[PDB]
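Please read the structure below before turning to the comments.
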There are 4 protein chains.
Amino acid sequence: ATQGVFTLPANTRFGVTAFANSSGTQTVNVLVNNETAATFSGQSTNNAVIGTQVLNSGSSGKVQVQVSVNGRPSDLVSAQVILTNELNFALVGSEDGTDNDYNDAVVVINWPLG
Amino acid sequence: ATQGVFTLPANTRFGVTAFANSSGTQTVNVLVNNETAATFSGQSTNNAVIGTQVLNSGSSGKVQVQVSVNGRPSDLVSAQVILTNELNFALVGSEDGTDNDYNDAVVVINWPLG
Amino acid sequence: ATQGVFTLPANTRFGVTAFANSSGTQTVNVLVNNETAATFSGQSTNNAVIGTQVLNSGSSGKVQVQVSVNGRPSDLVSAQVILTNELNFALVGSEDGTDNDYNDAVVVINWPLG
Amino acid sequence: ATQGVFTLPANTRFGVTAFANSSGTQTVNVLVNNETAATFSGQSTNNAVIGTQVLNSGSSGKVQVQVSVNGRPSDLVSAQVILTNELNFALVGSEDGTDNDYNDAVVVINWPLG
Ligand SMILES: C[C@@H]1O[C@@H](O)[C@@H](O)[C@H](O)[C@@H]1O
Ligand SMILES: C[C@@H]1O[C@@H](O)[C@@H](O)[C@H](O)[C@@H]1O
Ligand SMILES: C[C@@H]1O[C@@H](O)[C@@H](O)[C@H](O)[C@@H]1O
Ligand SMILES: C[C@@H]1O[C@@H](O)[C@@H](O)[C@H](O)[C@@H]1O
Ligand SMILES: [Ca+2]
Ligand SMILES: [Ca+2]
Ligand SMILES: [Ca+2]
Ligand SMILES: [Ca+2]
Ligand SMILES: [Ca+2]
Ligand SMILES: [Ca+2]
Ligand SMILES: [Ca+2]
Ligand SMILES: [Ca+2]
């Protein structure tokens with residue numbers, strides 16, 4: 001099944017934050033309406049924040065997260081959670097190796113803002 | 001129901017990160033085994049990452065998030081989600097006012113790390 | 001925070017199923033647009049299905065679950081999960097007593113159907 | 001990533017319920033400790049409950065859901081959600097075709113019972 005793809009409400013501000021937990025340098029790309037809108041890179045084995053940004057979902061609402069490590073695409077897991085019918089989280093983990101911890105880059109998208 | 005309380009794997013490092021989306025200055029307290037382990041504060045209406053830290057869940061694994069604004073406890077919502085039977089997120093929203101957006105402080109706990 | 005309230009896409013069929021795990025008889029009411037659309041009742045300590053139905057979210061999409069036992073509303077917990085950006089679950093637990101198992105009536109809403 | 005595999009607490013009763021939404025007859029097999037413990041079959045486009053059953057997770061706690069249509073495995077999605085640090089849902093969707101609604105068989109696992 002496809003993972004890392006989320007439909008947000010149109011024309012809505014959202015936060016996107018990435019963390020790293022791997023020996024490999026993580027490159028996280030965030031696409032809005034199929035065009036790169038943010039890119040983060042960094043290395044950590046201690047959950048460092050490798051980037052944070054606020055984006056707009058635009059007319060389509062389509063947001064996609066991609067992760068690669070030294071040009072190799074990582075396998076993704078994802079889901080969306082809604083609390084009290086208002087607070088949204090889109091969650092992504094990724095695996096760059098063999099241990100299947102799926103934390104090598106972790107991406108959190110949240111909305112609404114403000 | 002109680003919210004913002006999570007049983008983590010014992011003796012395990014976890015990430016905790018807080019975001020602010022309110023006119024009010026947020027204060028986030030993270031308790032491990034019923035003792036304060038981290039405190040974050042800030043004021044933003046644009047999802048600022050007012051704190052991020054790595055903690056250990058200790059011998060009991062009990063982690064609790066509390067949020068206040070000008071000394072008043074915020075109302076909390078929370079849940080935990082597990083992806084691919086391994087990757088964990090504990091999620092908290094909070095409301096300091098009357099609009100019920102529940103984003104005024106948002107807290108994400110993630111494990112495993114490394 | 002409010003629990004057991006979900007906004008579905010408008011005019012969309014959804015399934016609702018309720019389970020019982022309590023000494024007490026559970027009555028589950030499902031409201032669409034703030035009017036009762038289905039009512040289930042039964043008693044089990046073995047997770048019996050006490051009702052299942054397909055409903056239409058209607059023009060507003062506003063669906064609410066309420067649970068009563070022994071003449072008093074139960075305390076509710078809830079969240080919504082979306083898998084592969086397609087498959088939606090709205091989940092409710094309820095507590096009618098003192099043990100805080102929150103399983104006394106369990107309600108699952110799923111969409112889309114067909 | 002692997003989907004439809006969950007680790008439950010050992011020696012714990014749990015509920016498993018399957019729904020169908022497809023032209024194809026769904027076959028759902030629930031394995032405990034790698035051995036089939038329940039099987040359900042049926043065709044519906046209207047979310048019929050093709051089976052429900054209470055099982056014990058046994059010494060291993062390992063529970064796996066498999067879905068097929070006339071012997072062809074369906075593609076699975078899954079996640080687990082915990083409410084108020086106590087009430088557990090393991091969720092599975094499956095796709096037998098090309099439309100990626102992932103509802104063709106839907107399986108819900110819930111614990112604790114009683
Ligand atoms: C330090 C190690 O780096 C990579 O091999 C990751 O895939 C592992 O999960 C671990 O983080
Ligand atoms: C700017 C406003 O600040 C407070 O009133 C918050 O409770 C609102 O949600 C909003 O963020
Ligand atoms: C048999 C018992 O019945 C009620 O007291 C419930 O609140 C308990 O959770 C338990 O199910
Ligand atoms: C009636 C149709 O039957 C199969 O093709 C399913 O894969 C579709 O999702 C739809 O339910
Ligand atoms: Ca890894
Ligand atoms: Ca890792
Ligand atoms: Ca607010
Ligand atoms: Ca706010
Ligand atoms: Ca109870
Ligand atoms: Ca009970
Ligand atoms: Ca399908
Ligand atoms: Ca279908």
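Chain identifiers are assigned as A, B, and so on, following the order in which chains appear in the structure tokens; residues are numbered from 1 within each chain, and ligands are numbered from 1 in order of appearance.
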
Within 8 Å of stretch 74-86 of chain A, counting only C-alpha atoms, which residues qualify if same-chain residues fewer than 3 places away don't, as JSON, numbers by chain? {"A": [3, 4, 6, 66, 67, 68, 69, 89, 90, 91, 92, 93, 94, 95, 96, 102, 112], "B": [77, 78, 79, 83, 84, 93, 100, 101, 102], "C": [1, 2, 3, 4, 5, 6, 7, 78, 79, 80, 81, 82, 83, 84, 85], "D": [1, 79]}

Counting only C-alpha atoms, what is within 6 Å of residue C:18, bar same-chain residues fewer than 6 positions away, as an MDAnalysis selection string? chainID C and resid 49:51 106:107

Measure the distance from atom CA of residue B:39 to atom CA of residue B:64 in Å and round it to one decimal. 12.0 Å

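The shortest atom-to-atom distance to ligand 6, with only C-alpha atoms and all ligand atoms taken into account, belongs to A:105 out of A:105, A:113, A:8, A:30.
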
Any idea what's packed within 9 Å of stretch 40-48 of chain C, counting only C-alpha atoms, ignoring anything in its chain fewer than 5 positions away? Could you give it as an NGL selection string? (:C and (17-30 or 103-106)) or (:D and (14-15 or 52-54 or 110 or 113-114))

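The spacing separating atom 4 (C, counted along the ligand's line) of ligand 1 from atom CA of residue A:73 amounts to 13.8 Å.
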
Give me the residues within 7 Å of residue C:32 as a VMD selection string, counting only C-alpha atoms and dropping any in the same chain fewer than 6 places off. chain C and resid 57 62 to 64

Saved selection, atoms kept: C-alpha atoms, as a short mmCIF file (atom, residue, chain, number, x, y, z; two decimals), in the first residue's frame:
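Here's the written file again_31.cif:
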```
data_model
loop_
_atom_site.label_atom_id
_atom_site.label_comp_id
_atom_site.auth_asym_id
_atom_site.auth_seq_id
_atom_site.Cartn_x
_atom_site.Cartn_y
_atom_site.Cartn_z
CA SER C 57 -23.71 10.75 7.14
CA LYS C 62 -21.93 15.11 11.71
CA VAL C 63 -22.02 11.73 13.52
CA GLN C 64 -22.11 11.30 17.29
#
```

In chain B, DSSP strand (DSSP E or B) residues written as a PyMOL selection string: chain B and resi 5-7+13-20+26-32+35-42+48-56+62-69+72-73+75-83+87-95+103+105-111

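A straight line drawn from atom CA of residue D:13 to atom CA of residue B:87 is 24.0 Å long.
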
For chain A, which of C:88, C:108, C:71, C:12 is the closest residue, counting only C-alpha atoms? C:88
